[PDB]
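Only one chain is included here, represented as structure tokens and corresponding to the form deposited without the named molecule.
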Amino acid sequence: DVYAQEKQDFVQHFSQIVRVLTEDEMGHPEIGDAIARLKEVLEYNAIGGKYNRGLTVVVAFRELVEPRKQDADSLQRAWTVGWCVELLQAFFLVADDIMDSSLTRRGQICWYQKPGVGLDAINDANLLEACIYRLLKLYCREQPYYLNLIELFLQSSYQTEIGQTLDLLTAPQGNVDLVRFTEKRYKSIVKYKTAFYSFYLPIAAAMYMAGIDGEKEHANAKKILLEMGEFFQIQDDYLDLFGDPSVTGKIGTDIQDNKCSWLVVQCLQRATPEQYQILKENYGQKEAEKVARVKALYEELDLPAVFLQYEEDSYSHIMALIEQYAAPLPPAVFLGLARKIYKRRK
């Protein structure tokens, strides 16, 4: 309910993001064509998702700032910082779709796969990242949390690029080595690639906006949010193979891209050495027959049932973590976000 009620206002206020990013550079008409390319990149790549991450900034801002201090202006700042998280997301996905050789995202063909786009998408992704800091400057330059916000977005992008390097190093194409797909490797990838920017970044932006900047409170929040990010990435892995791509909005590639998925880790931990070899022969290869052979091994080992058991235990554990670590922040902030990701099918 809390996410669903703020949605509308948050989405409507994307026109303004687009205007402020296009308008404040028409005192420079020579870049006009670039500005129009920017708008086209924003509209195709920041729109059409669920907005969980940016909505989180706005929800937690209401819940943490005293209503006497929710003036029209500090609200406007809140949904801008929210949009900055949506722009970080857009930047990582556009690049990620190239590196993953993916086909669709959010119901449409991937940006790079569009006629006349291709690898120009690389500079388009870098421009989306640039917008974040332009926004921060335009809306938040005179706020006492300004430098905290800048350092947070930069630190969060470095961690996520470190996690991406791990994702890629662990998945060399044409190079099946099942030995490297362990639980410890897995947890490291997902912590870096997904957990800091999807879960720590947004609540923490909102903390810094409410004046809550203590080390110890940031660490306690981080303890909850990183375990949630781990679950959330294990969920994304499961949906790559078994979700319905008209719900997820994307076709799966993990088996073909030779990925250290949660599924292949769970597989490897249960496999007869005969099953092992079937995995070995069929994994990380573009042939549909061969992907279907892996999928069939996974179903033979009840990996869907194991995913549903893990979802429940992970959820009880996250809840225990909230009871331990939420104070002095209102638990509603952690609970509202957990509700939105619990048993998602997209």
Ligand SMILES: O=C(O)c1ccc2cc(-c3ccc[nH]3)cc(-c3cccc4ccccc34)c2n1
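Here, rigid core means the biggest group of C-alpha atoms that superpose within 1.5 Å across both forms. Position 1 is the first residue in the sequence shown; the rest follow in order.
Keep in mind the form deposited with the named molecule bound is missing from the figure; the text below concerns it.
**Q** Report open or blocked for the site once the named molecule, placed as found in the bound PDB entry, has been superimposed by the C-alphas surrounding the pocket (blocked: 3 or more ligand atoms within 2.4 Å of a backbone or C-beta atom; open: none).
**A** Blocked, since after superposition 3 or more atoms of the placed ligand lie within 2.4 Å of the backbone or C-beta atoms.
**Q** Give a yes or no on whether every one of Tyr3, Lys50 and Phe232 sits within 4.5 angstroms of the named molecule in the bound PDB entry by heavy atom.
**A** All of them do, each having a heavy atom within 4.5 Å of the partner.
**Q** Even though the named molecule is not shown here, does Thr80 get within 4.5 Å of it in the bound PDB entry, heavy atoms only?
**A** Contact check for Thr80: no, nothing within 4.5 Å of the named molecule in the bound PDB entry.
**Q** Applying a 4.5 Å heavy atom distance criterion, does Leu239 contact the named molecule in the bound PDB entry?
**A** Looking in the bound PDB entry, residue contacts with the named molecule include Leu239, since a heavy atom lies within 4.5 Å.
**Q** Does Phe199 make contact with the named molecule in the bound PDB entry, using a 4.5 Å heavy atom cut-off?
**A** Answer yes; at least one heavy atom of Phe199 falls within 4.5 Å of the named molecule in the bound PDB entry.
**Q** Any of the heavy atoms of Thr56 lying within 4.5 Å of the named molecule in the bound PDB entry?
**A** Judged by the heavy-atom cut-off of 4.5 Å, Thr56 is in contact with the named molecule in the bound PDB entry.
**Q** Of these, 272 to 280, 175 to 183, 191 to 199, 137 to 145, which stretch puts a heavy atom within 4.5 angstroms of the named molecule in the bound PDB entry?
**A** Heavy-atom contact with the partner occurs in 191 to 199.
**Q** So which residue among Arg37, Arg62, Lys50, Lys295 shifts its CA at least 2 Å between this form and the one not shown once the core is superposed?
**A** Single hit from the list, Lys295.
**Q** With both forms fit on the core, has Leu119 moved 2 Å or more by CA between this form and the one not shown?
**A** No; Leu119 is a residue whose C-alpha shifts by less than 2 Å between this form and the one not shown when the cores are overlaid.
**Q** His28: with the rigid core matched between this form and the one not shown, does its Cα shift 2 Å or more?
**A** It does not reach a 2 Å shift.
**Q** Answer yes if the Cα of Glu217 shifts by 2 angstroms or more between this form and the one not shown on a rigid-core superposition, and no otherwise.
**A** Stays below the 2 Å threshold, so no.
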